[PDB]
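Single chain ahead, written as structure tokens, the form deposited in one PDB entry.
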């Protein structure tokens, strides 16, 4: 995965910031009540770190559950959008998550629709930084798109193309990372990295994960 794909994906979200909520993540609206049952399970409490907060759709929920939220995003434009919710207990910080080392620790870490934008060759290092961010007794939780277990094997592709072309309505076009991972695949891969994981398809096409370091 070339650095061009990382930058073109960032630039994409930097440019999509104005119009983002006009479209949102496809069918996330269908899946939100199922994901919310997991989000409110009680692990999102105290000092909470959110990764890739975007326009702050999840940040609102976390704000309601946490004492304080630290919300990180690569796009200052996303941050400005998120500011319009006026959430008293949220601090925003701009941060390239592919070049990030936490300095403190938090009770819980959350991200929605971020991991699928992390290519396999960046997976492990992202997850090492996530590890250091988790306070003792803390949890990592995330939401993402998913596949049924067997699709990967039916497809049987030895060089999966991670890239997807997206095009705004102004006409400028971008390639982004889009890696659909099954609950089984993420569990295998994060177990190998030392996490204990409960990863579940909560609604067709969507997963929710709880990971303990």
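Think of the rigid core as the biggest set of C-alphas that the two forms share within 1.5 Å after superposition. Shifts are known only where both forms have a C-alpha. Numbering follows the first chain given and starts at 1.
A second form of this protein, the form deposited in another entry, is not displayed here; the remarks below concern that form.
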Point to revise | Single mover in 40, 45, 166, 60, with Cα shift of 2 Å or more between this form and the one not shown when the core is superposed | key: 166
Point to revise | Threshold 2 Å Cα movement between this form and the one not shown at residue 193, rigid core reference | key: no
Practice item. Please say whether, between this form and the one not shown, the C-alpha of residue 15 moves by 2 Å or more once the core is aligned. Key: no
Point to revise | residue 25: Cα shift of 2 Å or greater between this form and the one not shown (core-aligned) | key: yes
Practice item. Since the C-alpha distance between residue 168 and residue 23 changes by 3 Å or more in that other deposited form, give its direction relative to the shown form: closer or farther. Key: farther
**Study point:** Sense of the change in Cα distance from residue 17 to residue 27 in that other deposited form - at least 3 Å versus the shown form
**Key:** closer
Review point. Which consecutive stretches of at least 3 residues differ between this form and the one not shown by 2 Å or more at every CA, rigid core held fixed, listed in sequence order?
Key: 1-3, 25-27, 165-173
